[PDB]
RNA sequence: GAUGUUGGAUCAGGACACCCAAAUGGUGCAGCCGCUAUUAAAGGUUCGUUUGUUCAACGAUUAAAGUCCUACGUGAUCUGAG
Ligand SMILES: [Mg+2]
Ligand SMILES: [Mg+2]
Ligand SMILES: [Mg+2]
Ligand SMILES: [Mg+2]
Ligand SMILES: [Mg+2]
Ligand SMILES: [Mg+2]
Ligand SMILES: [Mg+2]
Ligand SMILES: [Mg+2]
Ligand SMILES: [Mg+2]
Ligand SMILES: [Mg+2]
Ligand SMILES: [Mg+2]
Ligand SMILES: [Mg+2]
Ligand SMILES: [Mg+2]
Ligand SMILES: [Mg+2]
Ligand SMILES: [Mg+2]
Ligand SMILES: [Mg+2]
Ligand SMILES: [Zn+2]
């Protein structure tokens, strides 16, 4: 038995190719809109807010960057993060993860069934969601737990707050020493021969080995990084778009991990936020289409006059 | 960005500014820890074989949007007291300079046109 | 830099018999429904493309004969004919190439 | 680094690249199908597409005419571009070129080759990949599902 | 007779990058929210403008400036333009953000199109061309629906110039090159020309689908 | 039957007999500077004119512009003014 390679679309005919697609997308919209109502389904017990609590996070899409002006006249540049499809996936009890905090696994953007693994499609069939592209694990306290297969919207971070972002930084491949590290070069013109880039002496004569940490040319930039202490300026409710401050590591259009700030200055800031998470059903109110921080100049306004 | 060995042009009306010399006045030292000076920074000028202190007024390097960018690098002659050794400054000065009153007070007081 | 020691045949067997330097077994090979020769799944059949190619070459020769010189090329659409065929009205007003071989089964009339 | 770049570097430089494409495009507009290196066929694809989009702009447009001058070397071909090759594409927006991969060349070089062709040329039909017919056990098995989705609606 | 062509402010033209189109609808909705307060008039590189700024540090909060628009660049909310004027003999440039909330009133004194799409070369031109009267009154438009093309060759200071303007990549029709150059240098400049660029096809940027979509977006935004 | 030798360039590993930053004792310490002594090596320790020059003088500064070792570190990485 020499078994052949098979992809999903190999044996389908002209007739059946669109049918399969229409069918899969149909079942997808159905399964999505079905999970659209968490609170009336089989909601888990909601717990009050204690001071040592830690919230759930979000998975976003980096759109691009845009300028934004404060009422004070200063100009900030901000990054638009969008929440496309966000659902909590599985749940790990306290003892079963860190011995300390409970793991909540969150899914990202929707992909096609046809290219994933058997095991994974099994995992989503026992859930009822479409497969998510990027899946990250958040650490969370017992009072912040949610129920697996629950939707997470972008109103989750109320405007003004500090968040943290983790993502894979822009990959630059195999880079020389002057990029990767930032060693000065050798001078260009004075009779230097074939040296204008190279690291130069890499060690000491006695040691006769080169040390286990030594900086050398190599892989640069595809790695995880985290930006701390970013302020959130404004929120869009309809398109689910956060405007965070400064820059977020990754290429634009990349998938990005958002949490509340773990920085020591902000420790208790989570007392004012909708805590298990935000629930559009529960409040039964329409949030204004944009939530602005008190500082921001709104896209329409008096056109500032100092005095 | 005005740095060591930049030829600067002295805008205020002074003895040392207008009188000719075989050397254009050169900047020796900038007092920022960065070797680069900006508008409202402080310089040590070599003029006519002696050292005077100066205040950078405008320069040819671009700066934050809505800052005026000038055709030439312009300095005002200054002594240690912070007193301008000149009577008055004709060519226009960045309105941003009015931010710091403390150091530049007198310099601002003799300034004619702002932009 | 000059190698400090001859390497043993052991070390060499290790290096050049590595699973990476071995030729991988291609799993995408199939047979072509017409001539039953072998072809890779994403590539045209070699043997089929051959008879197609030969016929294209010959039809290009005869249409090289129908043209007088190097720079002279037809403004009409062309339609190629085989023994026993007469032009349809859809195809008339066009340049016609006449050929001896009766129309090959894989080339349709349309 | 290479990030976000839509052009290969082929031949002795940028100019050499344009002239390589020139030759290929002349060949393609003349013979209506050519077999060339896969990198270069795939490169030619875009230009072969948009050259037909100038043909549609009309014979009278000047910007199209000086364009046809640069890109079609053999001068006879230019009336072929406007009067022949442009008019037989009308309804079809982007559907001009078929590009398919041939077995690798038989010479010691062993490159990776492709044939590129205009739709509707009069040449023997290329032995295109066939789709599995509908009587196939699996496709026949999907028909049931379709008819049941029709029966439920 | 009603000649009708719609002038779309150049920063409603989205850049060539692969950015998700959702980003551009946002920027547009914001800058169109901004259009409704501060009125932004048409103008081109070569056109003379006067901007009023809110100035924190001055006593009269208004700061007035007047000059040529030398170049524009941007997209979405980050649109900018550059004004150039000679005050007292000092060359002065300012970079203004079009949609910036500090700007109060923009005013067009003279609407004009000069031959090149950017003039940075007015840096090396003689002081006349950069000088303008601070107090000049707005010289209005006759609604000819023809923005007047003023073809004016310029004189330049002796070399070197801040950029090399003689070279083909700049395509400068505005400079007077007979008086400022020699034949040798005009042959030199022709060694850097890249003739094949205009014929590059694929290098061409297609718009009109987007044009229709966003123009319809602006109609739809004015209606509501 | 060769361990290629000064000074720079690049990149520095280490000592502590601390030049800065950090806690302190004593003073012929009122405070401001200081002068001495104890404990502390994670991090710093500038740019120029003249000399091939390390050293040194001199200009201008810095919180400081340490003393050393590593084949007077480092030429199968570079430079040869000496
Ligand atoms: Mg990369
Ligand atoms: Mg260098
Ligand atoms: Mg070299
Ligand atoms: Mg040599
Ligand atoms: Mg002297
Ligand atoms: Mg690429
Ligand atoms: Mg090559
Ligand atoms: Mg491609
Ligand atoms: Mg320059
Ligand atoms: Mg020996
Ligand atoms: Mg060290
Ligand atoms: Mg000690
Ligand atoms: Mg140390
Ligand atoms: Mg040595
Ligand atoms: Mg040495
Ligand atoms: Mg060595
Ligand atoms: Zn075959």
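All Cβ positions, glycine included, derive from the backbone under ideal geometry; neighbour counts span all protein chains shown. Values quoted throughout were computed directly from the atomic coordinates according to the rules given, and no laboratory measurement underlies them.
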Looking only at strands (runs of 3 or more DSSP E) that fall completely inside the stretch C:16-110, which ones have 1 or more residues that are surrounded by 15 or more Cβ atoms within 10 Å (Cβ to Cβ) and over 19 Å from the mean Cα position of the chain (by Cα)?
-> C:78-81, C:95-98
Is one or more of the residues making up the stretch A:196-214 more than 30 Å from residue A:286 (Cα to Cα), within 16 Å of ligand 1 (Cβ to nearest atom) and either more than 14 Å from every other protein chain (Cβ to nearest Cβ) or surrounded by 10 or more Cβ atoms within 10 Å (Cβ to Cβ) (or both)?
-> no
Residue E:196 in a loop (DSSP other than H, G, I, E, B) and either on the phi < 0 side of the Ramachandran plot or surrounded by 11 or more Cβ atoms within 10 Å (Cβ to Cβ) (or both) | no
Evaluate the stretch A:134-147: report whether one residue or more is surrounded by fewer than 16 Cβ atoms within 10 Å (Cβ to Cβ) and closer than 16 Å to residue A:275 by Cβ.
-> yes
Of (1) within 30 Å of residue D:75 (Cβ to Cβ); (2) within 16 Å of RNA strand F (Cβ to nearest atom), residue C:91 fails just (2)
How many residues are outside any helix (DSSP H, G or I), under 30 Å from residue A:170 (Cα atoms) and either more than 10 Å from every other protein chain (Cβ to nearest Cβ) or more than 16 Å from ligand 1 (Cβ to nearest atom) (or both) when one looks only at the stretch D:3-28?
-> 6
On the given criteria, is residue A:159 under 30 Å from the mean Cα position of the chain (by Cα) and surrounded by 12 or more Cβ atoms within 10 Å (Cβ to Cβ)?
-> yes
Number of positions in the stretch E:204-224 that are within 26 Å of the chain's Cα centre (by Cα), within 14 Å of another protein chain (Cβ to nearest Cβ) and exposed (fewer than 11 other Cβ atoms within 10 Å of the Cβ) | 5
Could you list, in sequence order, all residues of the stretch E:1-30 that are facing chain A (nearest Cβ under 8 Å) and touching a helix residue (DSSP H, G or I) at 6+ places or on another chain (Cβ under 7 Å)?
-> E:27, E:30
Would you confirm whether any residue within the stretch D:30-48 is part of a helix (DSSP H, G or I), within 14 Å of chain E (Cβ to nearest Cβ) and out of contact with any helix residue (DSSP H, G or I) (no Cβ under 8 Å at 6 or more places or on another chain)?
-> yes
Residues within the stretch A:274-294 that are assigned to a loop (DSSP other than H, G, I, E, B) and either surrounded by 17 or more Cβ atoms within 10 Å (Cβ to Cβ) or in contact with a helix residue (DSSP H, G or I) (Cβ under 6 Å, 6 or more places away or on another chain) (or both), tallied = 6
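Yes or no, residue by residue, for (1) assigned to a helix (DSSP H, G or I); (2) within 13 Å of chain E (Cβ to nearest Cβ); (3) within 20 Å of residue A:75 (Cβ to Cβ):
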| site | (1), (2), (3) |
| --- | --- |
| B:60 | no, yes, no |
| B:64 | no, yes, yes |
| B:67 | no, yes, yes |
| B:75 | no, no, no |
| B:80 | no, no, no |
| B:86 | no, no, no |
| B:98 | yes, yes, yes |
| B:103 | yes, no, no |
| B:106 | yes, no, no |
Using the structure shown, decide if residue D:36 is touching a residue at least 60 places away in the same chain (Cβ under 8 Å) and either within 16 Å of RNA strand F (Cβ to nearest atom) or surrounded by 15 or more Cβ atoms within 10 Å (Cβ to Cβ) (or both).
-> yes
Considering only residues of the stretch A:71-81 that are assigned to a strand (DSSP E or B), surrounded by fewer than 20 Cβ atoms within 10 Å (Cβ to Cβ) and facing chain E (nearest Cβ under 9 Å), which is farthest from the chain's Cα centre (by Cα)?
-> A:75
Those residues of the stretch A:162-201 which are in a loop (DSSP other than H, G, I, E, B), away from ligand 2 (no atom under 16 Å from the Cβ) and farther than 30 Å from residue A:231 by Cβ, in sequence order | A:173, A:201
Scan the stretch C:91-110 residue by residue and report those that are within 12 Å of residue C:80 (Cβ to Cβ) and touching a helix residue (DSSP H, G or I) at 6+ places or on another chain (Cβ under 9 Å).
-> C:95, C:97, C:98, C:99, C:101, C:104, C:107
Is there a residue being more than 10 Å from chain B (Cβ to nearest Cβ), in a strand (DSSP E or B) and touching a residue at least 24 places away in the same chain (Cβ under 8 Å) anywhere in the stretch E:88-102?
-> no
